[PDB]
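The file structure.pdb contains PDB, C-alpha atoms:
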```pdb
ATOM      1  CA  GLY P   1     -18.567  26.486  68.494
ATOM      2  CA  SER P   2     -18.403  29.305  71.032
ATOM      3  CA  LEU P   3     -15.438  31.471  72.023
ATOM      4  CA  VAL P   4     -13.785  31.371  75.447
ATOM      5  CA  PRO P   5     -13.448  34.732  77.244
ATOM      6  CA  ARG P   6      -9.767  35.644  77.536
ATOM      7  CA  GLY P   7      -7.534  38.697  77.811
ATOM      8  CA  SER P   8      -7.863  41.322  75.088
ATOM      9  CA  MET P   9      -6.127  44.659  74.517
ATOM     10  CA  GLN P  10      -6.475  47.409  71.913
ATOM     11  CA  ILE P  11      -3.644  48.164  69.489
ATOM     12  CA  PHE P  12      -2.891  50.764  66.817
ATOM     13  CA  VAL P  13      -2.341  49.813  63.176
ATOM     14  CA  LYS P  14      -1.519  51.939  60.130
ATOM     15  CA  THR P  15      -2.913  51.392  56.634
ATOM     16  CA  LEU P  16      -1.555  52.104  53.153
ATOM     17  CA  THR P  17      -3.761  55.196  52.967
ATOM     18  CA  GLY P  18      -2.030  56.766  55.952
ATOM     19  CA  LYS P  19      -5.070  55.868  58.041
ATOM     20  CA  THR P  20      -4.822  54.432  61.554
ATOM     21  CA  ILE P  21      -7.303  51.679  62.406
ATOM     22  CA  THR P  22      -8.063  50.446  65.923
ATOM     23  CA  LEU P  23      -7.901  46.682  66.446
ATOM     24  CA  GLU P  24      -8.319  44.314  69.393
ATOM     25  CA  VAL P  25      -6.315  41.127  69.940
ATOM     26  CA  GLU P  26      -5.564  38.835  72.881
ATOM     27  CA  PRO P  27      -2.072  38.781  74.449
ATOM     28  CA  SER P  28      -1.878  35.034  73.821
ATOM     29  CA  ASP P  29      -3.461  35.161  70.364
ATOM     30  CA  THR P  30      -1.355  34.928  67.205
ATOM     31  CA  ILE P  31      -1.054  37.082  64.086
ATOM     32  CA  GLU P  32      -3.713  34.807  62.594
ATOM     33  CA  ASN P  33      -6.225  36.198  65.089
ATOM     34  CA  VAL P  34      -5.178  39.785  64.372
ATOM     35  CA  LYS P  35      -5.921  39.667  60.644
ATOM     36  CA  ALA P  36      -9.282  38.169  61.609
ATOM     37  CA  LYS P  37     -10.414  41.567  62.891
ATOM     38  CA  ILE P  38      -8.842  43.342  59.917
ATOM     39  CA  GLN P  39     -11.231  41.480  57.618
ATOM     40  CA  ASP P  40     -14.009  43.687  58.991
ATOM     41  CA  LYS P  41     -11.890  46.793  58.415
ATOM     42  CA  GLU P  42     -10.816  46.114  54.830
ATOM     43  CA  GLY P  43     -11.658  42.461  54.264
ATOM     44  CA  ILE P  44      -8.528  41.076  52.624
ATOM     45  CA  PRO P  45      -7.005  37.575  52.393
ATOM     46  CA  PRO P  46      -3.886  36.405  54.279
ATOM     47  CA  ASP P  47      -1.861  36.171  51.068
ATOM     48  CA  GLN P  48      -2.394  39.910  50.619
ATOM     49  CA  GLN P  49      -2.606  40.882  54.290
ATOM     50  CA  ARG P  50       0.734  40.942  56.108
ATOM     51  CA  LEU P  51       1.666  42.391  59.501
ATOM     52  CA  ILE P  52       4.941  44.246  60.042
ATOM     53  CA  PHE P  53       6.806  44.868  63.299
ATOM     54  CA  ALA P  54      10.011  46.877  63.683
ATOM     55  CA  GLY P  55      10.604  46.365  59.974
ATOM     56  CA  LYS P  56      10.256  42.611  60.417
ATOM     57  CA  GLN P  57       7.187  40.830  59.048
ATOM     58  CA  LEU P  58       5.050  38.761  61.420
ATOM     59  CA  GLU P  59       3.851  35.173  61.032
ATOM     60  CA  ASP P  60       1.758  32.566  62.848
ATOM     61  CA  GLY P  61       3.129  30.229  65.500
ATOM     62  CA  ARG P  62       3.949  33.051  67.904
ATOM     63  CA  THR P  63       1.598  35.286  69.891
ATOM     64  CA  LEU P  64       1.177  39.066  69.990
ATOM     65  CA  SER P  65       2.865  39.052  73.399
ATOM     66  CA  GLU P  66       5.810  37.187  71.878
ATOM     67  CA  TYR P  67       6.179  39.859  69.198
ATOM     68  CA  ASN P  68       6.381  42.538  71.891
ATOM     69  CA  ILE P  69       3.091  43.838  70.494
ATOM     70  CA  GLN P  70       1.439  45.718  73.358
ATOM     71  CA  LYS P  71      -1.723  47.829  73.447
ATOM     72  CA  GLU P  72       0.403  50.735  72.221
ATOM     73  CA  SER P  73       2.327  48.908  69.496
ATOM     74  CA  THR P  74       2.525  50.213  65.929
ATOM     75  CA  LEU P  75       1.481  47.717  63.255
ATOM     76  CA  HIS P  76       1.687  48.092  59.475
ATOM     77  CA  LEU P  77      -0.258  46.291  56.745
ATOM     78  CA  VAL P  78       1.525  45.803  53.420
ATOM     79  CA  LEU P  79      -0.186  44.365  50.343
ATOM     80  CA  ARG P  80       1.664  42.586  47.537
ATOM     81  CA  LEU P  81      -1.052  40.880  45.489
ATOM     82  CA  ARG P  82      -4.766  41.424  44.877
ATOM     83  CA  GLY P  83      -7.734  39.278  45.860
ATOM     84  CA  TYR P  84     -11.197  40.387  46.949
ATOM     85  CA  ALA P  85     -12.609  37.165  45.502
ATOM     86  CA  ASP P  86     -14.474  36.084  48.635
ATOM     87  CA  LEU P  87     -17.221  37.150  51.042
ATOM     88  CA  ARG P  88     -17.851  37.384  54.785
ATOM     89  CA  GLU P  89     -21.119  37.518  56.730
ATOM     90  CA  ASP P  90     -21.983  36.078  60.142
ATOM     91  CA  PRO P  91     -23.809  37.195  63.316
ATOM     92  CA  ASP P  92     -22.430  37.242  66.860
ATOM     93  CA  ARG P  93     -19.960  39.886  65.687
ATOM     94  CA  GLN P  94     -18.999  43.305  67.048
ATOM     95  CA  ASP P  95     -19.364  42.123  70.644
ATOM     96  CA  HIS P  96     -16.996  42.958  73.503
ATOM     97  CA  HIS P  97     -16.183  40.068  75.840
ATOM     98  CA  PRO P  98     -14.636  39.958  79.340
ATOM     99  CA  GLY P  99     -11.103  38.896  80.217
ATOM    100  CA  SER P 100      -9.231  36.442  82.427
ATOM    101  CA  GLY P 101      -5.843  34.974  83.292
ATOM    102  CA  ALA P 102      -2.736  36.484  84.865
ATOM    103  CA  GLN P 103       0.246  38.416  83.507
TER     104      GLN P 103
END
```
Starting from the coordinates I provided, produce the structure as structure tokens.
Amino acid sequence: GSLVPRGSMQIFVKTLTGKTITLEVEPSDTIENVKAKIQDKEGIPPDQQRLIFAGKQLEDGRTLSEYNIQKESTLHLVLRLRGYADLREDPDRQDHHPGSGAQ
């Protein structure tokens, strides 16, 4: 199916190699949507990919806006296990879409 055009802001995330990677996630989207973009950056599974906020890990159910994660929020990715036993390849990627809704 297609994707509906909704709000989307840019955030700052830090890696284990002291490298900051730029990511984009909707204000209503959840952590599940965030890692989705990370797959293109490093390409790691959810069991190994975990988001941290204010020292507290993040999980699904809630949205970025609920985690006080703004366009200037600092995210951290911590890995516990190892995977890299999968692949990822599909068109219609790397495309910027418009926004909508109120705040």
Around the point (6.0, 41.8, 58.4), in the coordinates given by the file, pick out the residues reaching within 8 Å, counting all atoms listed in the file, and return them as a list in words.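 Protein, DNA and RNA residues close to (6.0, 41.8, 58.4): residues 50, 51, 52, 53, 55, 56, 57, 58, 59, 76, 77 and 78 of chain P.
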Please identify all polymer residues within 10 Å of segment 82-93 of chain P, counting only C-alpha atoms, omitting same-chain residues fewer than 3 positions from it, and present them as a tab-separated table (two decimals) with C-alpha atoms, keeping the file's coordinate frame.
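Output saved as around.tsv:
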```tsv
chain	number	residue	atom	x	y	z
P	2	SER	CA	-18.40	29.30	71.03
P	39	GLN	CA	-11.23	41.48	57.62
P	40	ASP	CA	-14.01	43.69	58.99
P	42	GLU	CA	-10.82	46.11	54.83
P	43	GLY	CA	-11.66	42.46	54.26
P	44	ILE	CA	-8.53	41.08	52.62
P	45	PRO	CA	-7.00	37.58	52.39
P	46	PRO	CA	-3.89	36.40	54.28
P	47	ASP	CA	-1.86	36.17	51.07
P	48	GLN	CA	-2.39	39.91	50.62
P	49	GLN	CA	-2.61	40.88	54.29
P	79	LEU	CA	-0.19	44.36	50.34
P	96	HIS	CA	-17.00	42.96	73.50
```
Would you compute the distance between atom CA of residue 61 of chain P and atom CA of residue 1 of chain P? Give it in Å to one decimal. 22.2 Å
Please enumerate the residues selected by the PyMOL selection byres ((chain P and resi 28) around 8) when evaluated against the supplied file, formatted as a list in words.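 Applied to this file, the PyMOL selection byres ((chain P and resi 28) around 8) selects residues 7, 26, 27, 29, 30, 63, 64 and 65 of chain P.
Going from atom CA of residue 73 of chain P to atom CA of residue 54 of chain P covers 9.8 Å.
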Report the residues retrieved by the PyMOL selection byres ((chain P and resi 13) around 9) from the displayed file, expressed as a ChimeraX atom specification. /P:11-12,14-15,19-23,73-77
Hey, can you check how far atom CA of residue 24 of chain P sits from atom CA of residue 81 of chain P?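 Here the two named atoms are 25.2 Å from each other.
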Please write the residues picked by the PyMOL selection byres ((chain P and resi 101) around 9) on this file as JSON, numbers by chain. {"P": [6, 7, 99, 100, 102, 103]}
Could I get segment 67-79 of chain P rebuilt with N, CA, C and O atoms, written as a short mmCIF file (atom, residue, chain, number, x, y, z; two decimals), in the frame of the given file?
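Listed below is the output, selection-v2.cif:
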```
data_model
loop_
_atom_site.label_atom_id
_atom_site.label_comp_id
_atom_site.auth_asym_id
_atom_site.auth_seq_id
_atom_site.Cartn_x
_atom_site.Cartn_y
_atom_site.Cartn_z
N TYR P 67 5.67 38.90 70.16
CA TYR P 67 6.18 39.86 69.20
C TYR P 67 6.34 41.24 69.83
O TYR P 67 6.53 42.23 69.14
N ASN P 68 6.25 41.28 71.16
CA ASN P 68 6.38 42.54 71.89
C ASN P 68 5.29 43.53 71.48
O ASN P 68 5.45 44.74 71.65
N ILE P 69 4.20 43.00 70.93
CA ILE P 69 3.09 43.84 70.49
C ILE P 69 2.14 44.13 71.65
O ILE P 69 1.29 43.31 71.99
N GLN P 70 2.29 45.31 72.24
CA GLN P 70 1.44 45.72 73.36
C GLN P 70 0.21 46.47 72.86
O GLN P 70 -0.07 46.50 71.66
N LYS P 71 -0.52 47.08 73.79
CA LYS P 71 -1.72 47.83 73.45
C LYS P 71 -1.36 49.17 72.81
O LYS P 71 -2.24 49.90 72.35
N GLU P 72 -0.07 49.48 72.80
CA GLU P 72 0.40 50.74 72.22
C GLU P 72 1.44 50.47 71.13
O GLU P 72 2.27 51.33 70.84
N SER P 73 1.39 49.28 70.55
CA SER P 73 2.33 48.91 69.50
C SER P 73 1.87 49.44 68.14
O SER P 73 0.67 49.61 67.90
N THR P 74 2.83 49.70 67.26
CA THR P 74 2.52 50.21 65.93
C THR P 74 2.64 49.12 64.88
O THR P 74 3.73 48.61 64.61
N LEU P 75 1.51 48.76 64.28
CA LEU P 75 1.48 47.72 63.26
C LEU P 75 1.31 48.33 61.87
O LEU P 75 0.74 49.41 61.72
N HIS P 76 1.79 47.62 60.85
CA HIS P 76 1.69 48.09 59.48
C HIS P 76 1.23 46.97 58.55
O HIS P 76 1.73 45.85 58.62
N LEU P 77 0.27 47.28 57.68
CA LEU P 77 -0.26 46.29 56.74
C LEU P 77 0.22 46.58 55.33
O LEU P 77 -0.10 47.61 54.75
N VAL P 78 1.00 45.65 54.77
CA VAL P 78 1.52 45.80 53.42
C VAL P 78 0.91 44.77 52.48
O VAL P 78 0.89 43.58 52.77
N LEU P 79 0.42 45.25 51.33
CA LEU P 79 -0.19 44.36 50.34
C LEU P 79 0.75 44.16 49.15
O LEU P 79 1.39 45.09 48.68
#
```
